[PDB]
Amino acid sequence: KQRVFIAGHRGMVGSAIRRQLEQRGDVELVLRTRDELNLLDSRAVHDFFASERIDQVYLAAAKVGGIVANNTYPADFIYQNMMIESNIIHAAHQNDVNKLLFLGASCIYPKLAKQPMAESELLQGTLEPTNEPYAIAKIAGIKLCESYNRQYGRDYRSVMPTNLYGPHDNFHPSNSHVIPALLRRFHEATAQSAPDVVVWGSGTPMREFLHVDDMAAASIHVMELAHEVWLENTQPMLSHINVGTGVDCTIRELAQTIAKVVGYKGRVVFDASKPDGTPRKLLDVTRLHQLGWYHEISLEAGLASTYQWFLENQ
């Protein structure tokens, strides 16, 4: 069996990968909570790699937050993510761990990227200010992987997820992530028999959403492709792979679909006196499709299962 360390295993993405791999008789999972292993402590990280046996790492540990967090604690988001990724990638290499999968984030493409965004949009222009610190840290992670690949012949691969949703998300009404926020707002409006739920903006902007169990499946798929096949579909200095559906939906359709999922019978209202973001933001997932992976969970089906997980975990 391969010894697989899922860093950040209790996280949203990390836990999704753990749910799938825990089903695998060819895999022995190695897991440490933050209390058992602080990924910011280089010495602790190195000791762990020097004693445990690892064959593969899924790097799903990060300091992640929403709009308010990223603008309020910028130093924490750049420093913590630089150190976690630096520590794990370095310790992995020093201990002859040849395989690693790093997680990027789609909010780290340029603010004014061409749509849909192919992998080559990376670094082609300036970042969204709210996410800049976190995005720079994330881009440095991808470049640490590529540099260890090129210098030492490692196999440190990287995925770039689109917007994610699903179990283990933060279902609080003031989350800046539209999925979990609207599920919870709609839930409470339906409980209260509120006449309407108002959403800022016009509802015309198109966005792309992927259920975290699809993310996890794609991540495992990418990790386990033969190296030669991964090479034929990437370049050493443009190595990441977008993970998403490649399909857009309006904020209006999303909200209306959430309302239906939850059984709300009041009115979804958009307040178009509030500004809209860019008209369209989505990944181009041609490389992932060429690599033989296609998402399985439709929006309707994913929102319904997600909402059921919330009901079970209030």
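Note that residue numbering begins at 1 and tracks the sequence as displayed.
Judged by mean Cα B factor in the deposited record, 226-234 ranks above the other of 80-88 and 226-234.
Taking the mean C-alpha B-factor of each stretch as recorded, 133-141 and 183-191 are not equal, and the higher mean is that of 183-191. Based on the entry's C-alpha B-factors, the most elevated value among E208, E121, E146, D96 belongs to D96. The residue among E253, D271, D41, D284 whose C-alpha carries the highest B-factor in the deposited model is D41. Among the modelled residues of its chain, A60 has a C-alpha B-factor that falls in the middle third according to the deposited record. Per the deposited record, the Cα B-factor of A113 falls in the highest third when ranked against the other modelled residues of its chain. Per the PDB record, residue ranking by Cα B-factor puts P161 in the middle third of the chain. When the modelled residues of the chain are ordered by C-alpha B-factor, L37 sits in the highest third. Among all modelled residues in this chain, the alpha-carbon of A105 has a temperature factor (C-alpha) in the highest third.
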